[PDB]
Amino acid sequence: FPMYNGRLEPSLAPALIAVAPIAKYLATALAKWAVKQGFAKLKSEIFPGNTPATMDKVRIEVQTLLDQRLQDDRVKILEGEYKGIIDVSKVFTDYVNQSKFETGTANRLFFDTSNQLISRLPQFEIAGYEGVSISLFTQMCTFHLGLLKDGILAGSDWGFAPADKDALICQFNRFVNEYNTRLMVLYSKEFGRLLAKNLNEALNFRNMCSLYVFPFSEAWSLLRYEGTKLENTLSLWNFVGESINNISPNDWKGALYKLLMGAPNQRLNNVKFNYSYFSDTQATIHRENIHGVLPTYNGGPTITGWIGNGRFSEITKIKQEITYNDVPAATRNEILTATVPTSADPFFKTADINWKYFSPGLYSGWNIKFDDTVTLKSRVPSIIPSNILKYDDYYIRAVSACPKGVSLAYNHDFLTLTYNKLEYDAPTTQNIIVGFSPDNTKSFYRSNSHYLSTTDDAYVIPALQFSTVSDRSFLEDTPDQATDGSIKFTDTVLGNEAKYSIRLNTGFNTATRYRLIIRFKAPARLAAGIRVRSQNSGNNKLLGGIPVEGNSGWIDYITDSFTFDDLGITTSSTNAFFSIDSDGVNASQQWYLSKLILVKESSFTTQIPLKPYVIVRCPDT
């Protein structure tokens, strides 16, 4: 049975899922919002033609991808909630889209739609079914936040006094964080449940959220502004091997996900497998096993080690043939190696890794193949089915594994980005995990630098796509950021910094005025704060000194306007950098770095404020 990622039917391409047009429109609306029309166009994508057809298509896709189904009664309930949302949203849309309308009536019909979603939203936080309902709950919160943004920008045009306008801004800032928290509650409940049930199943749920959920939670954090870029750099993970369960979310956060990422800023160079073959004297037993996986990436500052072991329970390969007189008659322990080819595209695209245990138990072998190069064909006398691991518009960035037979709760404080060797010893792994990264990241991982074009209104620099980083820095899984993670700075005495190499493509307008948006989470007050700099061949320019007073949520800091002529960066500048540094932090002052966003000053604008305009404070009870 030719399998596709363990399934008998090939999965739908990521660029063709039902939420793709919604995500493509949000990318356009985040670059330039249509005043008093953004909600009408968003409604046309979430409910096309005033039908729940997209929400039905989203449901059946996620139900097929997760193998989880909603009850028949709950489906007809959601159908009624959809009709209620569609009916009330169309009435408000048709009335404001006239040549002349009474602003007092549009205000009434607005609150009929605004409060229709607030009261019907918990119907999508389905208990015991949040694995499927998280993708539906994601669109309803996008539908309501889009309504609140158009209501703020309309104001008097829709019957909102300056005090009514600030009440909507207060709801926006509350719901942009409440919907995010309620989204992570549905995610953690299901991802935590599946980590203890089946690791391959837990990865499959995270892959679904990386395409149906997390791109839109990032759009929420960008819905405040105009002129940024919606970018998703999350990775997809396929699991091949024996089942692994009873994984806790703490083990994933502080160990397993760190081993899977490997060197988060480097491409794969070669991966090594601890392979052992066993055959009995009657030629009836054939058992192949993978005891360890050693991924070597294209550079530092991360040092990788064995996941599992490289031990033969330095020798490259050892064969053995034994003859007895009435136990192994043939024994082969070999360190296999799959090498990434040196070319203009130094990445693996597809993989054919499969593991099959036969019913009597005598046969159990592995197949390893990347692109068209066969690393291991099973020595089992029978053929092992093909298991194509691939995603369209995705490439293989990392190949790792999960330690088997050991607890994943050890050495969490020492699985850092630098200094310490990124490894986790185990008797065996018997599994191979492949990380697929989207093609939009292929430019950085090929050249180890961020090339900038003057025709782009915004560029997103993920935190994990760095050049160097300080010691005592960790990797934090922040999938709600539409990225593969964040950096957790924990150095106590010396400073905490991280540099990002930048290059200017030929023909770049070095005179255009840019701004830098820094997304970070600093929970405690920092006396010296956080500094943003740029280093080009000795010309160290300070772009901003972020005042840190303490906040539990993510904070976007927008530096003052600047140009690359002020920074001394040209086309031939091969030593340009962006630096984010701070002083030593204690346990409470440990802060996180999400991403850097370079926007044009002409196109960037903060349409929704963090604080109301007229009223002193948001309404309190």
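Don't overthink the numbering: it's just position in the shown sequence, from 1.
Per the record, residue 313 and residue 314 are separated by 10 or more deposited residues that have no coordinates. Taking the PDB entry as given, 281 to 289 carries the higher mean Cα B factor of the two stretches 193 to 201 and 281 to 289. Taking the mean C-alpha B-factor of each stretch as recorded, 54 to 62 and 577 to 585 are not equal, and the higher mean is that of 577 to 585. Looking only at 137, 459, 474, 324, the residue with the top Cα B factor in the deposited structure is 324. Of the candidates 537, 437, 481, 429, the PDB record gives 537 the highest C-alpha temperature factor. Sorting the modelled residues of the chain by their CA temperature factor places residue 69 in the middle third. Per the PDB record, residue ranking by Cα B-factor puts residue 47 in the lowest third of the chain. Split the chain's modelled residues into thirds by C-alpha temperature factor. Residue 117 is in the middle one. In this PDB entry, residue 366 carries a Cα temperature factor that places it within the lowest third of its chain's modelled residues.
Residue-level temperature factors show residue 40 in the middle third of its chain, judged at the C-alpha atom.
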